[PDB]
């Protein structure tokens, strides 16, 4: 049966964690950015190519080129549910007064999805979280 993947995220910028109810605030060398990926409906023990992208955002609209990208190879935990940490490290060249949002993609290394329904997987499982208006993935530099 085909896996039904879902991901949400929570960003931490410097010492400051965002949440469903408030974006993270960073006090005016670079900003340490860590994104937590909350996943369900992945395949236990399978490896995923995870790509995080940091964008400047203005009123829930992405502006300009990515400020940073980070990739990792992470393994799905028990029942294909759990949390991953994607550490971007220090991100240089962010601007005081500006807001940033994290986008995430995870693509399985193995074929985990039977897209043509012959009961044999032939497609990668791909999950995305690309919401420019998600305050839990957003931080502002004060």
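Numbering follows the first chain given and starts at 1.
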{"item": "Between residue 59 and residue 60 - deposited residues without coordinates, as a size class", "value": "none"}
{"item": "Stretch with the greater mean C-alpha B-factor as recorded in the entry, comparing 128-136 against 19-27", "value": "19-27"}
{"item": "Given 29-37 and 102-110, the range whose Cα B-factors average higher in the PDB entry", "value": "29-37"}
{"item": "Highest-ranked of 54, 42, 50, 63 once sorted by CA temperature factor in the record", "value": "63"}
{"item": "Chain thirds of CA B-factor: placement of residue 86", "value": "middle"}
{"item": "Residue 78 CA temperature factor, ranked by third within the chain", "value": "highest"}
